[PDB]
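> Next comes coords-v6.txt, compact mmCIF, C-alpha atoms and all ligand atoms:
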```
# COMPACT_ATOMS: atom_id res chain seq x y z
CA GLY A 990 -55.99 194.87 234.66
CA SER A 991 -53.13 192.38 235.02
CA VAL A 992 -50.78 190.81 232.48
CA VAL A 993 -51.67 187.11 232.10
CA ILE A 994 -49.57 184.12 231.14
CA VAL A 995 -51.52 182.46 228.30
CA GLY A 996 -48.88 180.03 227.10
CA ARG A 997 -45.16 179.40 227.07
CA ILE A 998 -42.11 178.42 225.04
CA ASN A 999 -39.77 175.67 226.27
CA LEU A 1000 -36.18 175.28 225.09
CA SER A 1001 -35.26 171.61 224.57
CA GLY A 1002 -31.58 171.16 223.81
CA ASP A 1003 -31.22 172.93 220.45
CA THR A 1004 -34.98 173.33 219.92
CA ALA A 1005 -37.86 175.47 221.14
CA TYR A 1006 -41.51 174.46 221.36
CA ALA A 1007 -44.65 176.36 222.38
CA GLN A 1008 -47.76 175.43 224.38
CA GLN A 1009 -51.02 177.32 224.80
CA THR A 1010 -52.63 177.34 228.24
CA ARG A 1011 -55.28 180.07 228.00
CA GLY A 1012 -57.62 181.60 225.46
CA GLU A 1013 -59.15 185.04 225.18
CA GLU A 1014 -62.06 184.40 227.58
CA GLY A 1015 -59.77 183.07 230.33
CA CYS A 1016 -57.27 185.85 229.71
CA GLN A 1017 -59.90 188.56 230.14
CA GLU A 1018 -61.22 187.15 233.42
CA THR A 1019 -57.82 186.41 234.97
CA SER A 1020 -56.63 189.90 233.96
CA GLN A 1021 -59.49 191.30 236.06
CA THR A 1022 -58.87 189.16 239.14
CA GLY A 1023 -55.15 188.90 238.83
CA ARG A 1024 -55.58 185.36 240.26
CA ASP A 1025 -53.89 182.59 238.23
CA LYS A 1026 -53.50 178.99 239.43
CA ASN A 1027 -52.05 177.53 236.23
CA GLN A 1028 -48.72 175.78 236.68
CA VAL A 1029 -45.84 177.78 235.19
CA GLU A 1030 -43.02 176.24 233.11
CA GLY A 1031 -40.48 177.31 230.54
CA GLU A 1032 -38.00 180.11 229.94
CA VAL A 1033 -40.36 182.20 227.83
CA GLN A 1034 -43.95 183.02 228.79
CA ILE A 1035 -46.58 184.02 226.27
CA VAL A 1036 -48.36 186.90 227.96
CA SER A 1037 -51.40 188.99 227.25
CA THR A 1038 -53.23 192.05 228.47
CA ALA A 1039 -56.86 192.54 227.60
CA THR A 1040 -55.79 193.67 224.14
CA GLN A 1041 -52.13 192.81 223.27
CA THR A 1042 -50.13 189.59 223.30
CA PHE A 1043 -46.37 189.50 223.58
CA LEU A 1044 -43.65 187.57 225.34
CA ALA A 1045 -41.83 187.61 228.70
CA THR A 1046 -38.39 186.03 229.34
CA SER A 1047 -36.99 184.84 232.66
CA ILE A 1048 -33.41 185.95 233.33
CA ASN A 1049 -31.58 186.22 236.66
CA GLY A 1050 -34.71 185.34 238.61
CA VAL A 1051 -36.85 188.08 237.00
CA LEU A 1052 -39.57 187.72 234.35
CA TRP A 1053 -38.80 190.53 231.93
CA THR A 1054 -40.85 192.11 229.19
CA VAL A 1055 -41.38 195.35 227.30
CA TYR A 1056 -43.08 198.39 228.78
CA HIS A 1057 -44.85 198.99 225.50
CA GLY A 1058 -46.62 195.69 226.08
CA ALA A 1059 -47.03 195.53 229.85
CA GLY A 1060 -47.31 199.13 230.89
CA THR A 1061 -47.09 199.42 234.65
CA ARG A 1062 -49.45 196.41 235.09
CA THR A 1063 -49.20 193.73 237.73
CA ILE A 1064 -48.98 190.11 236.61
CA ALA A 1065 -51.53 187.51 237.69
CA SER A 1066 -50.25 184.78 240.03
CA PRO A 1067 -51.46 182.10 242.46
CA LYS A 1068 -51.48 184.75 245.26
CA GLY A 1069 -53.06 187.51 243.18
CA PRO A 1070 -51.64 190.46 241.28
CA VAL A 1071 -47.87 190.91 241.62
CA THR A 1072 -46.40 194.40 241.34
CA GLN A 1073 -43.46 195.08 239.07
CA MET A 1074 -40.07 194.90 240.70
CA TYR A 1075 -38.39 196.96 237.95
CA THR A 1076 -39.78 199.59 235.60
CA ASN A 1077 -37.60 201.59 233.22
CA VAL A 1078 -39.56 203.27 230.45
CA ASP A 1079 -36.44 204.69 228.85
CA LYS A 1080 -35.26 201.12 228.30
CA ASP A 1081 -38.80 199.98 227.44
CA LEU A 1082 -38.23 197.39 230.15
CA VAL A 1083 -40.37 196.05 233.02
CA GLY A 1084 -39.87 193.08 235.23
CA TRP A 1085 -41.56 191.03 237.92
CA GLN A 1086 -40.12 188.44 240.23
CA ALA A 1087 -39.96 185.21 238.17
CA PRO A 1088 -42.84 182.81 238.84
CA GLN A 1089 -42.12 179.61 240.69
CA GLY A 1090 -41.59 177.01 237.97
CA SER A 1091 -40.18 179.21 235.23
CA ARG A 1092 -36.51 178.51 234.45
CA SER A 1093 -34.11 181.42 234.08
CA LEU A 1094 -31.89 181.61 231.01
CA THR A 1095 -28.18 181.99 231.56
CA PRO A 1096 -26.66 185.35 230.47
CA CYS A 1097 -24.44 184.80 227.45
CA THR A 1098 -20.67 185.18 227.74
CA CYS A 1099 -19.91 183.83 224.23
CA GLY A 1100 -19.53 187.09 222.35
CA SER A 1101 -21.02 185.20 219.41
CA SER A 1102 -22.04 186.88 216.18
CA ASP A 1103 -24.76 184.30 215.43
CA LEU A 1104 -27.96 184.98 217.37
CA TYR A 1105 -31.36 183.34 217.31
CA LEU A 1106 -34.60 185.18 217.95
CA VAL A 1107 -37.34 182.97 219.38
CA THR A 1108 -40.73 184.11 218.06
CA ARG A 1109 -44.03 183.59 219.93
CA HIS A 1110 -44.60 180.46 217.79
CA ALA A 1111 -41.27 178.90 218.83
CA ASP A 1112 -39.87 179.81 215.40
CA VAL A 1113 -36.11 180.36 215.74
CA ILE A 1114 -35.03 183.17 213.41
CA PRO A 1115 -31.31 183.65 212.67
CA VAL A 1116 -29.79 187.07 213.33
CA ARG A 1117 -26.29 188.55 212.85
CA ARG A 1118 -25.18 190.57 215.87
CA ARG A 1119 -24.08 194.20 215.12
CA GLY A 1120 -22.95 195.53 218.50
CA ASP A 1121 -24.80 194.91 221.77
CA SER A 1122 -28.35 196.02 220.99
CA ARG A 1123 -28.91 195.39 217.28
CA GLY A 1124 -29.06 192.48 214.89
CA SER A 1125 -29.42 192.08 211.14
CA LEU A 1126 -31.86 189.48 209.83
CA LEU A 1127 -30.30 186.89 207.51
CA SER A 1128 -33.49 186.88 205.37
CA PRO A 1129 -35.81 189.94 205.50
CA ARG A 1130 -39.28 189.10 206.77
CA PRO A 1131 -42.60 190.93 206.54
CA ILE A 1132 -42.95 192.67 209.89
CA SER A 1133 -46.19 190.70 210.31
CA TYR A 1134 -44.10 187.61 211.19
CA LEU A 1135 -42.39 189.40 214.11
CA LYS A 1136 -45.36 191.21 215.64
CA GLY A 1137 -46.29 189.79 219.01
CA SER A 1138 -42.75 188.67 219.74
CA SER A 1139 -41.45 191.66 221.71
CA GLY A 1140 -40.06 190.59 225.02
CA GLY A 1141 -38.78 187.29 223.70
CA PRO A 1142 -35.13 186.30 223.79
CA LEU A 1143 -32.21 186.55 221.41
CA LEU A 1144 -30.08 183.48 222.18
CA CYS A 1145 -26.50 182.59 221.25
CA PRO A 1146 -25.59 179.23 219.70
CA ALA A 1147 -25.05 177.72 223.16
CA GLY A 1148 -28.53 178.75 224.26
CA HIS A 1149 -27.68 181.65 226.54
CA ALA A 1150 -29.67 184.88 226.69
CA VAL A 1151 -28.15 187.83 224.85
CA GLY A 1152 -31.03 190.29 225.06
CA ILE A 1153 -34.75 191.00 225.06
CA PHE A 1154 -36.38 191.71 221.66
CA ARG A 1155 -37.67 195.31 221.68
CA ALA A 1156 -38.39 196.61 218.16
CA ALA A 1157 -37.70 196.00 214.47
CA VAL A 1158 -36.18 198.22 211.77
CA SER A 1159 -38.11 197.96 208.51
CA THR A 1160 -39.26 199.52 205.25
CA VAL A 1163 -40.20 194.10 205.50
CA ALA A 1164 -37.94 193.87 208.55
CA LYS A 1165 -34.21 194.17 207.99
CA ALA A 1166 -32.94 194.53 211.56
CA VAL A 1167 -34.01 194.19 215.17
CA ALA A 1168 -33.29 196.08 218.39
CA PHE A 1169 -32.98 194.23 221.67
CA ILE A 1170 -32.13 195.18 225.25
CA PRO A 1171 -28.84 193.53 226.23
CA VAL A 1172 -28.70 191.23 229.22
CA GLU A 1173 -26.05 193.70 230.49
CA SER A 1174 -28.66 196.44 230.72
CA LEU A 1175 -31.00 194.12 232.63
CA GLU A 1176 -28.34 193.46 235.26
CA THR A 1177 -27.67 197.20 235.61
CA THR A 1178 -31.38 197.74 236.16
CA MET A 1179 -31.32 195.01 238.79
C1 LIG B 1 -46.43 203.12 225.45
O1 LIG B 1 -45.22 203.47 226.11
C2 LIG B 1 -44.06 203.10 225.39
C3 LIG B 1 -42.66 203.21 226.03
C4 LIG B 1 -41.42 202.79 225.23
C5 LIG B 1 -41.56 202.33 223.75
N1 LIG B 1 -40.39 201.94 222.95
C6 LIG B 1 -40.54 201.48 221.57
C7 LIG B 1 -39.32 201.08 220.71
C8 LIG B 1 -41.93 201.41 220.97
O2 LIG B 1 -42.08 200.95 219.66
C9 LIG B 1 -43.31 200.49 219.35
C10 LIG B 1 -43.75 199.02 219.68
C11 LIG B 1 -42.75 198.38 219.19
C12 LIG B 1 -42.94 196.99 218.49
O3 LIG B 1 -43.61 196.86 217.51
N2 LIG B 1 -42.16 195.84 219.00
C13 LIG B 1 -42.22 194.57 218.26
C14 LIG B 1 -43.48 193.85 218.70
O4 LIG B 1 -43.66 192.71 218.50
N3 LIG B 1 -44.39 194.56 219.54
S1 LIG B 1 -45.77 193.70 220.01
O5 LIG B 1 -45.41 192.48 220.72
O6 LIG B 1 -46.44 193.31 218.76
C15 LIG B 1 -46.75 194.79 221.09
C16 LIG B 1 -47.03 196.26 220.64
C17 LIG B 1 -46.56 194.57 222.59
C18 LIG B 1 -47.85 194.09 221.93
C19 LIG B 1 -41.15 193.47 218.21
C20 LIG B 1 -41.66 194.08 216.91
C21 LIG B 1 -42.28 193.25 215.76
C22 LIG B 1 -42.78 193.82 214.63
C23 LIG B 1 -42.72 195.36 214.40
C24 LIG B 1 -43.99 195.89 213.68
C25 LIG B 1 -43.80 197.36 213.25
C26 LIG B 1 -43.41 198.31 214.41
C27 LIG B 1 -41.98 198.87 214.16
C28 LIG B 1 -41.46 199.66 215.39
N4 LIG B 1 -40.08 199.99 215.11
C29 LIG B 1 -39.33 200.86 216.03
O7 LIG B 1 -39.86 201.45 216.93
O8 LIG B 1 -37.93 200.91 215.81
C30 LIG B 1 -37.08 201.75 216.57
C31 LIG B 1 -35.71 201.55 216.10
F1 LIG B 1 -35.57 201.88 214.79
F2 LIG B 1 -35.51 200.20 216.20
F3 LIG B 1 -34.86 202.32 216.81
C32 LIG B 1 -37.22 201.62 218.07
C33 LIG B 1 -37.44 203.13 218.12
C34 LIG B 1 -37.47 203.21 216.61
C35 LIG B 1 -41.55 198.78 216.65
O9 LIG B 1 -40.89 197.77 216.72
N5 LIG B 1 -42.45 199.26 217.80
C36 LIG B 1 -43.22 200.35 217.82
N6 LIG B 1 -43.07 201.81 221.73
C37 LIG B 1 -42.91 202.25 223.11
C38 LIG B 1 -44.16 202.68 223.91
ZN ZN B 2 -23.37 182.51 224.66
```
The structure given in the file should be rewritten as structure tokens.


Amino acid sequence: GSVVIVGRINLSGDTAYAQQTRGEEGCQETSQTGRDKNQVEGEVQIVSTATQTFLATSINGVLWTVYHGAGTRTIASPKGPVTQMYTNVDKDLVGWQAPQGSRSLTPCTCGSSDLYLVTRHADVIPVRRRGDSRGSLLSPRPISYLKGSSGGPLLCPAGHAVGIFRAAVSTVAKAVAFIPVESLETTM
């Protein structure tokens, strides 16, 4: 079956807000056909397979997500199922050509230490950068709050993309792992 856009997250100036466009019944049927006529908008898509929901982030003209969510699946589109352009399991990274109407985030060149994880609810969670692929949460959170947010963006204060959220370190989450925008460009 195909990955399906079921909603999205829009970044408005210094804010993010979510919208739902599809429920479980529509997700299951569109996953089967791979045919999706819904208009696309936003930098972050809420995506779903038959059985898992997660996020996808547009960067550099590619809609990126995690392999552990998408597998090798196509993504539903107005012209039917679209094959992945990029698949790297070692990076836990897949990507498809970005849908017409999504807006690509700008890769960050700030070097900032303050990062902001966007969750699937448009919650913006502060994070302290610790290198290029890890971040420490300012307040620990039950991992429940972060589940379903893989493939969403870490942003810098200016709103640029720093990386794709991959996994969380926990024992309550204390830290997060993300794929740096630099690794996406190397893949590309
Ligand atoms: C099948 O072929 C594959 C190929 C490559 C691959 N690569 C990774 C790293 C992987 O890991 C899985 C899924 C990740 C996940 O849960 N991702 C988040 C998420 O939201 N997923 S999701 O959207 O709910 C879902 C599953 C898509 C629907 C974003 C978190 C939020 C909450 C975590 C809840 C407890 C989990 C804590 C765990 N911790 C961790 O693995 O930490 C490490 C670190 F210590 F950081 F190094 C990475 C290696 C160890 C974790 O994050 N995952 C476990 N599976 C695969 C599988
Ligand atoms: Zn920046």

> Rounded to one decimal, what separation in Å do you get between CA of residue 1049 in chain A and CA of residue 1176 in chain A?

8.1 Å

> Restricting the calculation to all atoms listed in the file: of A:1055, A:1097, A:995, A:1111, which residue gets closest to ligand ZN 2 (chain B)?

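Smallest separation from ligand ZN 2 (chain B) among the options: A:1097.
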
> Sort by chain and increasing residue number a table of all residues of chain A within 8 Å of ligand ZN 2 (chain B), each with its closest pair of atoms and their distance in Å to one decimal, counting all atoms listed in the file, and write it as JSON lines.


```
{"residue": "A:1096", "atom": "CA", "partner": "B:ZN2", "partner_atom": "ZN", "distance": 7.3}
{"residue": "A:1097", "atom": "CA", "partner": "B:ZN2", "partner_atom": "ZN", "distance": 3.8}
{"residue": "A:1098", "atom": "CA", "partner": "B:ZN2", "partner_atom": "ZN", "distance": 4.9}
{"residue": "A:1099", "atom": "CA", "partner": "B:ZN2", "partner_atom": "ZN", "distance": 3.7}
{"residue": "A:1100", "atom": "CA", "partner": "B:ZN2", "partner_atom": "ZN", "distance": 6.4}
{"residue": "A:1101", "atom": "CA", "partner": "B:ZN2", "partner_atom": "ZN", "distance": 6.3}
{"residue": "A:1144", "atom": "CA", "partner": "B:ZN2", "partner_atom": "ZN", "distance": 7.2}
{"residue": "A:1145", "atom": "CA", "partner": "B:ZN2", "partner_atom": "ZN", "distance": 4.6}
{"residue": "A:1146", "atom": "CA", "partner": "B:ZN2", "partner_atom": "ZN", "distance": 6.3}
{"residue": "A:1147", "atom": "CA", "partner": "B:ZN2", "partner_atom": "ZN", "distance": 5.3}
{"residue": "A:1148", "atom": "CA", "partner": "B:ZN2", "partner_atom": "ZN", "distance": 6.4}
{"residue": "A:1149", "atom": "CA", "partner": "B:ZN2", "partner_atom": "ZN", "distance": 4.8}
{"residue": "A:1150", "atom": "CA", "partner": "B:ZN2", "partner_atom": "ZN", "distance": 7.0}
{"residue": "A:1151", "atom": "CA", "partner": "B:ZN2", "partner_atom": "ZN", "distance": 7.2}
```

> Which of these residues is nearest to ligand LIG 1 (chain B), using all atoms listed in the file: A:1179, A:1126, A:1036, A:1064?

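Of all the options, A:1036 lies closest to ligand LIG 1 (chain B).
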
> Would you list the residues that come within 8 Å of ligand LIG 1 (chain B)? Count only C-alpha atoms and all ligand atoms and give the answer as a ChimeraX atom specification.

/A:1041-1044,1055-1060,1078-1082,1132-1140,1154-1159,1164,1166-1168

> Which residues are close to residue 1032 in chain A, i.e. within 8 Å by all atoms listed in the file, leaving aside same-chain residues fewer than 5 positions away? Reply as a PDB file with C-alpha atoms, in the coordinates of the input.


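And here's selection.pdb as it stands now:
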```pdb
ATOM      1  CA  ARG A 997     -45.160 179.400 227.070  1.00  0.00           C
ATOM      2  CA  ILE A 998     -42.110 178.420 225.040  1.00  0.00           C
ATOM      3  CA  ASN A 999     -39.770 175.670 226.270  1.00  0.00           C
ATOM      4  CA  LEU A1000     -36.180 175.280 225.090  1.00  0.00           C
ATOM      5  CA  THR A1046     -38.390 186.030 229.340  1.00  0.00           C
ATOM      6  CA  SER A1047     -36.990 184.840 232.660  1.00  0.00           C
ATOM      7  CA  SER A1091     -40.180 179.210 235.230  1.00  0.00           C
ATOM      8  CA  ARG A1092     -36.510 178.510 234.450  1.00  0.00           C
ATOM      9  CA  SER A1093     -34.110 181.420 234.080  1.00  0.00           C
ATOM     10  CA  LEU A1094     -31.890 181.610 231.010  1.00  0.00           C
TER      11      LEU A1094
END
```

> Pick from A:1020, A:1008, A:1038, A:1178: nearest to residue 1051 in chain A, with only C-alpha atoms counted?

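So, comparing all the options, the nearest one is A:1178.
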
> Could you state the separation of CA of residue 1071 in chain A and CA of residue 1171 in chain A in Å, given to one decimal place?

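The value is 24.6 Å.
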
> Point out the residue among A:1021, A:1112, A:1088, A:1048 with the least atom-to-atom distance to residue 1004 in chain A, counting all atoms listed in the file.

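Under the stated criterion, the closest residue is A:1112.
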
> What's the separation between CA of residue 1034 in chain A and CA of residue 1104 in chain A, in Å to one decimal place?

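Distance reported for this atom pair: 19.7 Å.
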
> Looking at all atoms listed in the file, which of A:1066, A:1040, A:1125, A:1130 is the one that sits closest to residue 1160 in chain A?

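Closest candidate: A:1130.
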
> When distances are computed from all atoms listed in the file, which of A:1143, A:1114, A:992, A:1107 shows the smallest separation from residue 1022 in chain A?

A:992

> Tell me which residues come within 6 Å of (-26.1, 188.9, 214.3), as number ranges by chain, counting only C-alpha atoms in the file's coordinates.

A: 1102-1104, 1116-1119, 1124-1125
